[PDB]
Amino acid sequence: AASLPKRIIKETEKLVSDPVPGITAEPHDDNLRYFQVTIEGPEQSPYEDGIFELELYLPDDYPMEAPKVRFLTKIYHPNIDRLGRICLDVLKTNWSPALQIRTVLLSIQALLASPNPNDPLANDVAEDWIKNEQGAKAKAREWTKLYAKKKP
């Protein structure tokens, strides 16, 4: 226990040497299991104008246990709640050691491009997205401008 598992070391290195387009991820010098992550809002989505800040933590049992992640940037989305908690299959019961941090980050990026208000696990924002999709998307765009970091 005097060293970080090689898998975390290698995944961390690879997140730097082979970054995912639109995504940045780096650990804190004082806690190598705690990551600062940013994800660009997908082009043509209601979130296209901003960059979102997230935090990620690798628990002691990773990779048997899934990484924990959440959005720090306030966002209006049917699968990300008011505290930034993310409803994603691979972060829950469907996580497995065959998956990796990159899988999770790509999945979150895709979730921003494709919100799913019809998921049985969607949050309370879902009703607005189903009954007034145009207004819900306008609010998500408005909140991107108000709360996310601006893109160049």
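So that the term is clear: the rigid core is the largest set of C-alpha atoms that superpose within 1.5 Å between two forms. Residue indices: 1-based, along the sequence shown.
After superposition on the rigid core, the larger root-mean-square Cα deviation in 4 other deposited structures of this protein belongs to 87 to 95, not to the other of 41 to 49 and 87 to 95.
Averaged over structures and residues, the CA distance from the shown form in 4 other deposited structures of this protein after a core fit is larger for 26 to 34, of the two stretches 26 to 34 and 110 to 118.
For the pair 128 to 136 and 20 to 28, the mean B factor over Cα atoms is greater in 128 to 136. Mean CA temperature factor is higher for 30 to 38 when stretches 100 to 108 and 30 to 38 are set side by side in the entry. When the Cα B-factors of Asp119, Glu48, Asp89, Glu53 are read from the PDB record, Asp119 comes out highest.
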